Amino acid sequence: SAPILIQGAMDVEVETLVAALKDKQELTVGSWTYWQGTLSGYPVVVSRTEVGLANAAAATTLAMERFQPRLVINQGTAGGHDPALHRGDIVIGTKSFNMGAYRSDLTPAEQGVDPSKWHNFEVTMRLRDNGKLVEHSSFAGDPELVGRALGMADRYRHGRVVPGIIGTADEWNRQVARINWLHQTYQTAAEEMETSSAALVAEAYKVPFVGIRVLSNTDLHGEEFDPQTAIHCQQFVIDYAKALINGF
């Protein structure tokens, strides 16, 4: 009877989920609202996380403490990093990582600022397990959960469903050269602001996790934000959750 936890950051990324639940009960603690109900007769909790790494981690931790979910699906919209992808495509996160984590080597003021010399700062993803330090350079999507989403690709009719790497940061990048550099360096499919943070907390609690992100925008093709993509993503996720539930 442990629920599926489904997350979205903004109201537009959760309202379609909420509408799908039967016998809803709403809970708000701190800044974070949860709707507890059923899908196909099975317990599901929808979480509106708010935006960014701190919010995502708090909302995920609070859900672990309150609901003890059996798996977490983090979803919502993202911006394209891979030129092959277009608005409406859905990325299933083979892995996510904190793309915004940076360490730089000492340079005197005369040398100016050069972000291309910044290194990914992996300590931000380091955890402890039974008190012992465990390094992480990324968080893998649960591979069975990833595979399931890919196997359901043809049920999504508003773009392609592809595996990719999700770069999480407290950033919205619109400098195309920066997007290109991040893609070349980290092989990112897309950027957003929550996935690796929720994933970090899921790893700490040893709960299976998958990130599912629709491209609502990509400055690589001049495609501006389309809020309807967030609805289409939730529709896919409802179908996906119901498939999991059929198998329970």
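The first residue of the sequence shown is number 1, and the count goes up from there.
- At least a third of the other compared entries skip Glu192 while keeping the residues on either side.
- Once the C-alpha B-factors are averaged per stretch, 219-227 and 185-193 rank with 219-227 first.
- Higher mean CA temperature factor between 70-78 and 106-114: 106-114, per the PDB entry.
- Among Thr61, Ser47, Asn55, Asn180, the highest C-alpha B-factor in the deposited entry belongs to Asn180.
- The top Cα temperature factor in the record, among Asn173, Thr124, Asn130, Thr168, falls on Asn130.
- Sort the modelled residues of the chain by CA B factor and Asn120 lands in the highest third.
- Ranked by Cα temperature factor within the chain, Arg148 sits in the lowest third according to the deposited record.
- Annotation for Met99: CA B-factor lies in the lowest third of the chain's modelled residues.
- Among the modelled residues of its chain, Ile90 has a C-alpha B-factor that falls in the lowest third according to the deposited record.
- Sort the chain's modelled residues by C-alpha temperature factor and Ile238 lands in the lowest third, per the entry.
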